[PDB]
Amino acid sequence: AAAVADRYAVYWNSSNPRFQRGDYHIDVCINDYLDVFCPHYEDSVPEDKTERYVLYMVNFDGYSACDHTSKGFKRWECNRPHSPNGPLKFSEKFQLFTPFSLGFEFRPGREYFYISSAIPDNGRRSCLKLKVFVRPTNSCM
């Protein structure tokens, strides 16, 4: 395939080591994509023998404490573990300007944060989380 732009892929389950010390982070350039994949299972699996969560984009202070409340914005629902064709996919473009009114904007050299709450609803002091650093233009071009 063609590209100018890169896509970072991220599998969000708790099986995923990159999450372990709660320090998963990526460096992206502007107009790159991040693709978070949801946990997705075999048809023959009970929907409660199953990991599901809600993804939230939150500031530093709520990156620290695993807390979305009054911190950021709901972004995705990973609740559909038997998703018809592949896992449920959240795409994020790290663009300067949104064509969507209630979309999201990103500046170079700034840094951005994602966390999640489960559908098991447990109040966690512990959550799977992601820091994204959007590089300076002079590491990109």
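For every residue, the number given is its place in the sequence shown, counted from 1.
- Legend: mean Cα B-factor per stretch from the PDB entry, 97-105 versus 58-66; the higher mean is in 58-66.
- With 47-55 and 34-42 compared on mean CA B-factor from the PDB entry, the stretch scoring higher is 47-55.
- Highest CA B-factor among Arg110, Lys74, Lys89, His82, as stated in the entry: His82.
- Per the PDB record, residue ranking by Cα B-factor puts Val4 in the middle third of the chain.
- Placement of the Cα temperature factor of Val132 within the chain: lowest third of the modelled residues, per the deposited record.
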